[PDB]
Each structure stands twice: as structure tokens, then as C-alpha cells.
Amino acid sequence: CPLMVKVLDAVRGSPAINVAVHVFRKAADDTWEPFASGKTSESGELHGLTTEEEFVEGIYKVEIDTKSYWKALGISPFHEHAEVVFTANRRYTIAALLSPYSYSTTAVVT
């Protein structure tokens, strides 16, 4: 499992559950092609997005649908979504900590 996403809610102190995540890889024409997607689990995590075979060097985008998450809680958020763009050159954990008007993201590469 080379790529894992974890999403946390800073308002409620809890995993961010059922948050949609879309992963894209940059194609040779500088366009983003769909690569993987899912919804975070009860633990705020999304595993099994890809395999070592498929996860070749390249530029990836992870898009987290933070707007839909805050709207379900009745809170008006600022951002349309959160995006994390990085080059893969090798276990990657992308973590995001969400508030309505702020987010932080961190990469743990182990």
C-alpha cells in the first residue's frame, strides 16, 4: 500500500468520515487523468488506492472534497476543496487537518 490518505476534523476532534477523495496523475499533455478515488472510513483513512506496480514516478494530485464535508455538518466553509500536488520519486501518507477556514496538510514518507 504505497499511498494512504488520513483526514482529521479540528472542530470536533475526530476522524473526518465519508470524505470523498480523488487522485489524479499528470498525463503527457499536462492534463489530469483520474487515477483512484474513494471515501474515508470510520477512522478517517483511505487505504488500497493503488499498487506498487501502478504507482510509477510522476506528478500526482490528491483532491479532498472538504466543502461537502462541512456542508453536511451545517457549517459554511471557505475552500472549494483541498488539493495536494506532489512528485513521486516510498510509502506516502498524506494527512489533512480540516477547519472551516483553514487546512493543513503534511506528508509522511517512510
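Numbers for residues come from their place in the sequence shown, where the first is 1.
Annotation for 69-77 versus 25-33: the higher mean temperature factor (C-alpha) is found in 25-33.
In this entry, 39-47 shows the higher mean Cα temperature factor of the pair 59-67 and 39-47. In this structure the maximum Cα B-factor among 14, 89, 99, 93 is found at 89. Sorting the modelled residues of the chain by their CA temperature factor places residue 5 in the middle third. For residue 107, the recorded CA temperature factor ranks within the lowest third of the chain's modelled residues.
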